[PDB]
Structures are given as structure tokens and as C-alpha cells.
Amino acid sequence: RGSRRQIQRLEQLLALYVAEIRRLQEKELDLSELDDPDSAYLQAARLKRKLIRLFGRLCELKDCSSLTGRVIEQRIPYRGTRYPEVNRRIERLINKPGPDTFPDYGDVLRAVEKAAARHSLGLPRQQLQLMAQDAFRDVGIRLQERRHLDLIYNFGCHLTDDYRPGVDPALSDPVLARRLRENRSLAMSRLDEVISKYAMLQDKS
């Protein structure tokens, strides 16, 4: 157990950092400020970092974990093959902590081959390859799902927390809706055009 007084002071500091972050989040930046290394966006970012460090030190003082309840902390089970050795290995590979855990096909195949050669399961190469393809697919879908949820449940700030789709001004203003619709046609073409542009360049090399 940690000093109640020091916990108290550190938590007050934490609240102070929050108030200042909200203040900074509401600052309006003109074009010259967006060219500024000291802008409110960078000040706010650096403060968020300070706050996370303080939070970590508080976890240390409370003898708790460093976990915040992020969706990506949630474990994705994989039971998909008929070999539990393989299954536990794949589950292991996809539950490594952090924002960067996304295996490629080679990672999955290597995990399958490693589990097989380790446990002497005598699986030939094509059975291994097929198992790895099916598995990679399954885990791919679940990893993308977990990141999507982690994004949309963690997005924005107090200024956006009261957002709901039924309040979209476009719903009551046909002029606005028509402009947005035009915009959307353009947006789609522009994205397709940049993708296509770099493919078309890849050829010319």
C-alpha cells in the first residue's frame, strides 16, 4: 500500500494536467500557429505524455498493473485447428501486447511449423501451409475488429463526446447534403487516382 497523502497530491496533479489539456484542446489555431513547434496541439501532446508517465508512477505506487482497459488488451482466442499445440501457439502470437501486434502470413506459417516440428506431429508441408492460411485469415479478421473497436471507443475528446449521428446538420439541410454528396464523389475519385498513379508509376520503372 502507498502513502495516502502522496497518492492524493499526485491525483490532484493528474487532474491539473487534465484541465490544462482540455484548455489546450479548445485553442483555435490559425495557419501561422500550425507552422509553430510550440502550438497548442504540440503543447497538449507533450502534456498527455507527462500525464501518462504520472499515471504509470501512480500504478507503481498502488501496486496495480499498467493496464487502462483498452480493447486491444482483450484476448483473442484461437481454437481453429485440430491440434491444440498449434492453436495455443497462434493465440500466443496474436495476443502479444501493444499497438503493433499484427503478424504476417510468414509469422503464422512459422508458428505452425514451429509448433509442428516442436511437438513432432508429423504434418507434411501442404497440410501445414493450408492450416496456416486458414488461421491467418481468421486471426486477421479478429485483429482488425479489435483495432476498429479500440479506435471508435477511444476516439476524440470531451468536445466530441456528445456526438450522435442523428444530429448531423446534413439531415435537415438538402443544400448541405447535396454539397457533401458532390464532395464524396470527388473524394472517391481522388483516392482512386492516387492509388492508380503509384501503380502506373510502378510499371514505368
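Numbers for residues come from their place in the sequence shown, where the first is 1.
Original post:
Do the CA atoms of 4-12 or those of 195-203 have the higher mean B-factor in the entry?
Top reply: The stretch with the larger average C-alpha B-factor is 195-203.
**OP:** Between 144-152 and 169-177, point out the one with the higher average CA B-factor as the PDB entry records it.
**Re:** Result of the comparison: 169-177.
Original post:
Which one of 64, 34, 52, 45 shows the top CA temperature factor in the record?
Top reply: Highest C-alpha B-factor among the listed residues goes to 64.
**OP:** Can you work out whether the C-alpha temperature factor of residue 104 puts it in the lowest, middle or highest third of the chain?
**Re:** Its C-alpha B-factor belongs to the lowest third of this chain's values.
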